[PDB]
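Below is one structure, written out as structure tokens; the observations come after it.
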Amino acid sequence: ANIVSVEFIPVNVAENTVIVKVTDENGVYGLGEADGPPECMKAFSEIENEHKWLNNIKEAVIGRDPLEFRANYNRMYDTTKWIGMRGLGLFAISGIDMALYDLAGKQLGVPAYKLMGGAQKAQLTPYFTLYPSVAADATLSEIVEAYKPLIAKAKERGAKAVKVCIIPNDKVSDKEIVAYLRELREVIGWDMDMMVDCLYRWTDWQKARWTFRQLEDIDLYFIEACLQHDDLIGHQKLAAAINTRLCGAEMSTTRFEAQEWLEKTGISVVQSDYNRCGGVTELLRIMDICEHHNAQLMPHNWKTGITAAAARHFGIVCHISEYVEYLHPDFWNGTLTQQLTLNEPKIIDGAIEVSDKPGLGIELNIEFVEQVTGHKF
Amino acid sequence: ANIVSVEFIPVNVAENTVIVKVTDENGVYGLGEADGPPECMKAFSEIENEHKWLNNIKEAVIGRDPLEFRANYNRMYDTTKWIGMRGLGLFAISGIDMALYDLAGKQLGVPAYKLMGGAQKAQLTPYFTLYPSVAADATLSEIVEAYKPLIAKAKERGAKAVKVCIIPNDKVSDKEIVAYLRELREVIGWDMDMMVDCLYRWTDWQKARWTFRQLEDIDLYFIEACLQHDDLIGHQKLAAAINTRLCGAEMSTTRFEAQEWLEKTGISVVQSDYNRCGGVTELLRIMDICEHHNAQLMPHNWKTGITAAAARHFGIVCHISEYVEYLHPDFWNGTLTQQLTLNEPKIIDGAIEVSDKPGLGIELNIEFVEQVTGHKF
Amino acid sequence: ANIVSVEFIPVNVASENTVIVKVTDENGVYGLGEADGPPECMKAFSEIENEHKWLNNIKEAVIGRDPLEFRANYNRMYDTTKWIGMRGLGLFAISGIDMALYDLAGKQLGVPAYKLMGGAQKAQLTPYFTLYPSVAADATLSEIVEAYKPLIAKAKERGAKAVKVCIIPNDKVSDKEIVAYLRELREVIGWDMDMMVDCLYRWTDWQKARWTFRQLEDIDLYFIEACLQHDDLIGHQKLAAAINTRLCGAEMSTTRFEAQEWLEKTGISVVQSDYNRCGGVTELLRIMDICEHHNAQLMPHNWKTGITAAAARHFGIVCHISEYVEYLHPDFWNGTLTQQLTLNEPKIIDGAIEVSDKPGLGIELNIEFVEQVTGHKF
Amino acid sequence: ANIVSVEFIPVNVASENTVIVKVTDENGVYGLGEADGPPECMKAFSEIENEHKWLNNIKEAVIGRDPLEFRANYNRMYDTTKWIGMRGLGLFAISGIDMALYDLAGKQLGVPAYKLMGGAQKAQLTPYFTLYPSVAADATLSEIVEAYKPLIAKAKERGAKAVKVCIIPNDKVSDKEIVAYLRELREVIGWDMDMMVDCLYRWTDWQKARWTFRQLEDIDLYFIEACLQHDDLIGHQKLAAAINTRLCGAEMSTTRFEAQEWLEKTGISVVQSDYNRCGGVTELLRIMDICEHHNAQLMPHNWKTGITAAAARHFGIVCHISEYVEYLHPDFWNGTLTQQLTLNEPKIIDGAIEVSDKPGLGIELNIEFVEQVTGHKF
Ligand SMILES: [Mg+2]
Ligand SMILES: [Mg+2]
Ligand SMILES: [Mg+2]
């Protein structure tokens with residue numbers, strides 16, 4: 005069955026995503042999501058054709074067989090080059106590409122990981138991103154108290170690894186950041202890996218160098234979003250100077266950017282996002298490039314149960330990576346995280362099951378969607 | 005006076026553009042234009058704030074002094090990193106940045122070129138892009154026949170240089186393209202510089218190499234858009250193999266990409282667009298990098314009279330460049346080209362005057378604008 | 005209104025000297041800057057006769073021009089003086105005029121100069137304050153420490169975030185004694201301020217420098233300045249790669265071409281191209297962009313007059329890549345020009361210095377002091 | 005005997025000027041040099057007051073010293089003036105003095121300066137002769153060629169092996185017209201003399217130069233000089249790799265540090281650092297060694313006075329890596345200083361010029377002329 009329609013469905017809650030729904034001639038549909046401001050992303054998908062490199066993105070897949078992942082990706086990418094190629098246009102390709110793996114999977118009656126090359130590990134072991142709910146201008150001390158229940162729950166579930174964050178705070182010194190992360194290591198203990206997301210705190214690599222030299226003894230597994238995203242040279246200098254993994258490419262799009270990060274900086278973990286960088290088809294190309302560089306691919310993953318299902322299948326395929334980033338409802342109370350999808354797999358001993366349900370295995374809360382979009386489904 | 009509003013105005017002729030209009034406290038306003046699908050760019054400019062790196066672009070400049078180009082550019086760029094940084098999001102920055110030069114110029118009563126560093130050549134001598142009006146499926150000979158009147162008109166105006174194109178056409182062999190371009194040299198003669206826009210015909214650099222080897226005797230000034238935009242390695246091998254200027258970066262955004270092209274390919278002409286790449290503030294930064302590499306900067310210029318005014322002011326500052334690209338109403342009958350702006354400078358002996366009217370010296374055709382938008386300006 | 009005259013005004017107090029550069033437009037509004045160099049010789053430089061295409065009097069590149077046009081005017085000064093300029097002392101003269109054109113254009117338009125430099129990009133200006141003590145030759149290191157104490161105390165009192173101390177050149181003293189000297193100063197300074205060190209070109213062998221600053225890792229220097237000879241790019245690159253903090257360079261250089269070579273070849277983390285030497289504010293802006301790409305900081309060397317202090321305040325507030333810039337403040341130095349040439353110097357308040365929206369550079373010149381030392385009316 | 009005084013003597017004729029540097033020893037024996045730059049300014053530079061460690065009066069590094077000690081004396085001059093020297097105009101001043109010391113030391117010991125430069129390493133000095141036509145501004149390319157004819161005929165009559173011709177700076181004329189002009193000049197020169205071209209910094213875009221010199225491949229230029237802007241090292245390297253002859257550079261540079269950066273980055277095949285700019289003979293000799301490593305030639309810019317001509321004769325006989333050196337000969341130029349400042353200039357004989365073994369530089373100064381134009385007694 006060939007593709008008949010593509011729909012970008014904004015989901016705004018008073024917290025937002027764009028559901029990408031791709032339907033075939035039999036009425037079977039695949040789901041995915043695209044990053045970006047939802048009404049803007051919808052307008053992007055409904056533009057009128059202009060010339061050879063500026064076409065409505067949908068027209069590159071209407072009438073096509075969703076199995077043909079490379080052909081469809083290249084077609085979307087080529088016909089929209091003038092408004093795409095990098096950035097927001099790639100978000101929209103990502104969403105459709107994700108929905109194509111779900112659709113083709115449901116058409117064939119096979120789980121998406123099979124269409125991604127096949128399971129290459131016995132188990133999926135994520136690292137769990139812990140972000141605490143606190144007030145603006147909450148102090149470092151209050152943030153640590155808020156982290157306690159989250160960290161306690163990760164232990165209770167047997168998590169192998171957790172990431173904590175530095176909430177952006179320019180009223181606080183790097184020496185106070187050092188004490189803050191030393192404290193968090195104490196609370197986490199030494200039976201889980203500890204990653205830090207710096208959330209772009211630093212601009213001077215030598216100031217980051219000072220900090221993470223102080224912290225060598227808390228044995229960080231990786232340091233993420235340390236310096237500004239454009240500053241490749243600062244990254245390469247920092248990575249050569251520290252004694253663990255530096256991450257990068259969180260906000261990037263395409264294998265081309267991923268590859269430049271790898272070539273230029275020596276980051277050991279690449280974070281190109283499922284719903285930003287061009288999607289699963291492009292992530293698979295980035296995996297093969299990561300492998301040559303002996304780098305891990307842990308795609309940024311902080312959206313909805315739709316992306317979580319894409320991470321489950323890609324995760325069981327991505328043999329080069331010990332962990333992938335995971336947003337689990339046990340640790341986050343966002344309305345979409347709790348309500349958009351149903352029957353989210355439980356964390357058992359630090360692992361989550363990847364079911365062999367056809368496609369991405371997504372159980373959408375259709376009634377919740379119809380409720381909030383006000384439009385029927 | 006501080007900026008009070010920013011409006012993105014779709015102009016769509018039933024040919025399109027987005028007019029960006031930025032108004033200060035005294036009701037004085039500046040005009041720029043942004044590339045991209047017009048309704049989609051509007052939606053972009055009207056998004057809601059979500060977080061540190063995802064804010065409504067307008068909010069980075071409302072309440073700010075438009076004189077402060079670097080600060081305003083940086084704030085726009087920084088507060089929109091999550092959806093900008095490259096691609097569509099940078100178009101929206103460009104339009105505003107363009108407007109800001111127009112506005113800051115009217116506020117102070119000085120032409121924009123003075124705020125861009127000051128005039129550094131006696132005269133602006135552009136190269137004129139000539140695209141023929143022909144039926145799709147036109148033969149190469151019919152295209153040449155449509156070129157003859159255009160080229161004769163350019164000679165009549167004293168044009169120092171012209172660019173001709175290869176209309177995308179996969180039913181025609183490279184051997185036929187060679188004959189086609191030889192015939193165009195005969196028609197142009199040996200008193201004007203001849204540039205060629207390949208419109209991304211080639212994928213294999215060796216096939217391009219064959220073509221431009223046969224053509225060494227027609228003495229092309231540059232070859233533009235010869236290979237696929239992502240293929241830096243193909244460009245670098247081609248530029249080293251040929252005996253003139255290779256261009257690139259026509260579709261690229263930011264100085265980071267322009268600099269990557271220069272470093273890796275050794276292209277001799279950078280073509281970052283006024284209304285795509287970040288705008289005039291970024292182009293000035295690209296200009297400095299080009300100077301280091303002894304490359305020329307000839308920004309892609311194919312929109313409206315609004316961008317034309319930008320090219321005039323930028324052209325007169327850009328001392329590293331013998332020419333800049335220019336779409337002149339003498340050579341193109343597109344509606345926006347003919348009607349959106351009033352009192353376009355005439356081509357006199359190959360030159361176009363840059364006036365010292367305040368700002369960009371844009372005379373908007375407001376009647377026309379109200380006629381097509383359905384709303385009062 | 006166009007520029008009508010340029011004047012280089014030597015100022016020598018009977023060593024305390026500068027060259028004041030005054031650029032005056034058609035309405036009699038003027039802009040002030042200052043040039044580095046031997047004052048009477050800089051004056052002769054500005055008064056030379058024309059000779060050929062790349063050897064012209066420097067004033068003639070700007071007389072009759074709009075001071076708003078920074079790039080065009082800079083480029084015209086640089087090109088028409090290439091034969092005697094390009095690098096070095098010729099560049100001091102361009103720096104002085106460039107500085108004054110920011111002050112003049114700002115005065116013409118009624119705006120502070122930082123607006124003409126792109127606009128403010130930090131909430132506050134937080135310099136590091138250079139502390140040089142007043143002592144005899146053959147002051148032992150112990151006496152230099154004593155002399156430092158009241159200076160370091162005053163910076164603490166003003167809430168300084170950072171201070172730089174110096175190794176007065178002394179070849180009767182071992183590196184072992186230098187290590188103790190610096191350990192002492194860190195003790196006196198405390199751990200609530202960043203500590204920078206100016207080596208004043210003590211070392212020639214990078215391996216000897218390497219030994220010294222390996223011992224000093226525990227005092228946590230923020231940067232190490234003027235460590236090796238200024239020409240020795242290879243020694244700097246080897247030292248930078250060996251140590252564990254920032255190495256500085258380019259203090260004596262002129263032009264973005266030299267700055268960029270330093271960056272490429274050595275990996276210095278802090279570039280010290282001087283306001284009144286390297287080409288001026290227009291050239292420092294180009295250098296800033298180049299530093300940005302290399303993730304280096306730009307902290308222009310600043311040890312002249314309150315005329316340069318003003319340029320540092322405005323450039324400081326625009327230079328977002330740099331956490332600090334070098335600052336000479338009257339609280340810490342008792343030189344006659346520092347104390348008397350300008351009035352009403354902004355006070356240090358919680359380590360910060362106010363950059364006002366006073367037009368141009370916001371310079372308050374002591375007219376009667378200048379008139380008295382020069383001997384001619386202003 | 006030790007040096008007792010150093011004097012910088014402006015010679016400004018009513023562009024026709026130079027600065028004569030005269031260094032006198034305890035017995036009243038003197039050496040002569042000259043320094044580039046505006047004469048009254050170079051005098052002020054030489055007469056400045058000491059200020060600090062890297063800022064001293066240049067004369068004070070050599071007064072009381074033995075003139076035989078070229079490296080020590082150069083290094084001293086260079087180190088004690090770094091703050092205002094290092095690159096550019098300050099290096100001119102060093103150059104003039106360095107030159108004078110070769111003359112003085114040679115007169116002291118009764119040897120020709122070439123011996124103090126390591127000894128003669130070629131049988132003959134065969135210069136290339138720079139031919140510059142006396143024409144009006146507004147001269148057409150045709151009128152320029154017509155003024156070139158009697159010059160070029162003169163060179164042939166002298167048996168010259170090589171001449172350089174120039175592109176007078178002319179933005180009204182196209183490269184296609186420059187191509188015709190240079191082809192016409194090769195017809196006039198013929199095929200028995202090497203032909204060099206001075207582009208006088210016409211080009212800014214290397215790809216435009218590339219176009220021009222590709223057309224001219226069949227006139228077989230020996231070298232192409234000053235083709236692109238002096239700072240633009242990357243355009244030079246690209247142009248050097250594209251053409252099929254020698255590209256020159258570094259005409260305006262100072263020090264071995266720049267000459268070495270040109271050679272490393274660009275692959276120029278001829279270095280042109282100037283006797284009276286770059287540092288002098290002592291620095292030229294160091295540049296010679298770096299040229300040898302790179303298999304580049306060293307042909308120092310030589311368009312000054314007979315004083316520099318004598319240095320070029322002495323250096324030229326030592327500089328075995330170079331087939332030719334640049335020479336301004338009075339047969340080909342009517343400049344007042346060229347004709348009058350010095351006496352008994354060596355004649356051109358079958359394209360060669362004698363290097364005498366008169367002591368030092370073998371300069372015969374026209375004292376009367378010099379006393380006439382300075383007003384002072386010599
Ligand atoms: Mg094009
Ligand atoms: Mg210092
Ligand atoms: Mg020359």
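Protein chains in written order, with the entry's author numbering: chain B, 5 to 18, 24 to 386; chain G, 5 to 18, 24 to 386; chain E, 5 to 18, 23 to 386; chain H, 5 to 18, 23 to 386.
From the three backbone atoms N, C-alpha and C, an ideal C-beta is built for every residue, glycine too.
Item	Value
Taking CB distances under 7 Å as the criterion, tell me whether E:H302 reaches chain B.	yes
Using the C-alpha atoms, what's the distance from H:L345 back to H:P338?	10 Å
At which residues does the alpha helix (DSSP H) containing E:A43 begin and terminate?	Segment 38-43 is the beta strand (DSSP E) holding E:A43; no alpha helix (DSSP H) there.
With DSSP as the reference, identify every bridge partner of G:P14, one or two as the case may be.	G:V27
At the 7 Å Cβ level, is E:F12 part of the contact set with chain H, yes or no?	no
Please return the same chain residues whose Cβ sits closer than 7 Å to the Cβ of G:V278, not counting the five positions on each side in sequence.	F231, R254, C256, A304, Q305, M307
Thinking H:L40 and H:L369 are a contact (beta carbons under 8 Å), I'd like their distance in whole angstroms, please.	7 Å
Between the region 297-323 of chain E and chain B, which residues of the former have a C-beta closer than 8 Å to a C-beta of the latter?	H301, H302, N303, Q305
So, H:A320 versus H:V333, is the Cβ gap smaller than 7 Å?	yes
Just to check, is the beta-carbon of G:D206 closer than 6 Å to a non-hydrogen atom of ligand 1?	yes
Taking the continuous beta strand (DSSP E) assigned at E:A145, which residues delimit it?	Looking at the DSSP string, E:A145 is not in any beta strand (DSSP E), and its letter there is neither H nor E.
Bridge partners for G:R285 per DSSP, in chain order?	Answer is none; G:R285 lacks a bridge partner.
Helix, strand or coil for G:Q268? Go by DSSP, reduced to three states.	helix
Decide if the region 261-271 of chain G is in contact with the region 286-300 of chain G; the criterion is three or more beta carbon pairs, one per stretch, under 8 Å apart.	yes
Can you find a CB in chain H that lies within less than 7 Å of the CB of G:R254?	yes
Check for me: the alpha helix (DSSP H) holding G:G98 runs from which residue to which?	97-117
For residue 22 of chain E, which option in E:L271, E:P367, E:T212 has the closest C-alpha, if you only look at C-alpha atoms?	Here chain E is numbered 18 followed immediately by 23, so the structure offers no position for residue 22 of chain E.
Just to check my reading of the structure: B:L193 and B:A234 have Cβ atoms closer than 8 Å, yes? What is that Cβ distance to the nearest angstrom?	With a Cβ gap of about 16 Å, B:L193 and B:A234 do not count as contacting.
If you check the beta carbons only, do B:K246 and B:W199 fall under 7 Å apart?	no
So G:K312 and G:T26 are in contact, right, with Cβ under 8 Å, and what is the actual spacing, rounded?	6 Å
For H:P141 and H:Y156, which I take to be in contact (beta-carbon distance under 8 Å), what is that distance rounded to the nearest angstrom?	5 Å
Give me the DSSP bridge partner(s) of B:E233.	B:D206
Between which two residues does the beta strand (DSSP E) harbouring B:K172 extend?	170-174
Beta-carbon of E:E151 versus every beta-carbon of chain G: anything under 7 Å?	no
Looking at ligand 3, does it come within less than 6 Å of H:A234, judged from the CB to the closest heavy atom?	yes
Quick one: using the 10 Å Cβ neighbour count with 16 as the cut-off for buried, is E:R191 buried or exposed?	exposed
Could you work out which residue in B:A188, B:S281, B:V10 is closest to B:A52 when comparing CA atoms only?	B:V10
Alpha carbon to alpha carbon, how far is E:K115 from E:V29?	15 Å
Return the chain-ordered list of same chain residues with a C-beta closer than 7 Å to the C-beta of E:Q347, the five sequence neighbours on each side being excluded.	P338
List the residues that DSSP assigns as beta-bridge partners of E:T138.	E:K172
According to DSSP, which residues form a beta bridge with E:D33?	E:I7
Determine, using beta carbons only, whether E:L97 comes closer than 7 Å to chain H.	yes
Nearest-angstrom Cα distance between E:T89 and B:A248?	45 Å
Can you confirm whether G:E77, when its beta carbon is compared against all beta carbons of chain E, has any partner nearer than 7 Å?	yes
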